[PDB]
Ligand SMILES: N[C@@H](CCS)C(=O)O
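Take a look at this single chain, the form deposited without 2-amino-4-mercapto-butyric acid (HCS), given in structure tokens.
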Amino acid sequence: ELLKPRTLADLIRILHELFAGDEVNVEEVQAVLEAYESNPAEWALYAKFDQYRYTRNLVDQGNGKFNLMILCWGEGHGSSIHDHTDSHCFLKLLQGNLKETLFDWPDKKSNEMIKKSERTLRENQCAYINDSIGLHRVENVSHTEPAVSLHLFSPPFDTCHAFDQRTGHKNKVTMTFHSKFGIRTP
């Protein structure tokens, strides 16, 4: 039974229930993420920014079956075009706006990766992607407002591929945590 999360802690508790089994009800998870009304005081601890690029801040390690983290995007910070390593990815805006650009998987042939579509993800909205849907880039295109997003990955993963927009060629990247549980982890 899906109830509105009252706080971030409540959301985390609910997520542990939703991931108690071996499969994932994407629509339910997305709905509960969307239903949590971002409260900055509840996640300030995790919102550790870097001047030069976006940061990944681990919030909860889940039950073995998911990673929950907060990404902090300075003005103009964005990601690579990337996949999600055969995992579910939920992305909920906690502050600001992010531009999500969707791309198809490239062919073997070297070619420009042409965007399929783009959209603006707004505060409190929750997006979803998986490799069956495609690839994406996520960007804070604002010149004046930092963005903060809450990402849930299931299963957890710490590597993915970045794709060269000019060719479709991919390279494996290991993701690093800027902090874990509020503690900076150099």
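Numbering starts at 1 and follows the sequence shown.
This protein has a second form, the form deposited with 2-amino-4-mercapto-butyric acid (HCS) bound, left out of what is shown; the following refers to that one.
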Inset, instruction - Evaluate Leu102 for contact with 2-amino-4-mercapto-butyric acid (HCS) in the deposited complex, applying a 4.5 angstroms cut-off between non-hydrogen atoms, and reply yes or no. - result: no
Inset, instruction - Although 2-amino-4-mercapto-butyric acid (HCS) is absent from this view, report whether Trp43 comes within 4.5 Å of it in the deposited complex, heavy atoms only. - result: no
Legend entry - Non-hydrogen atom contact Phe153 with 2-amino-4-mercapto-butyric acid (HCS) in the deposited complex at 4.5 angstroms: yes
Legend entry - Partner proximity in the deposited complex: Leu93 to 2-amino-4-mercapto-butyric acid (HCS), non-hydrogen atom cutoff 4.5 Å: no
Legend entry - Sequence-ordered list of residues in 156-184 near 2-amino-4-mercapto-butyric acid (HCS) in the deposited complex, where near means a heavy atom within 4.5 Å: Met175
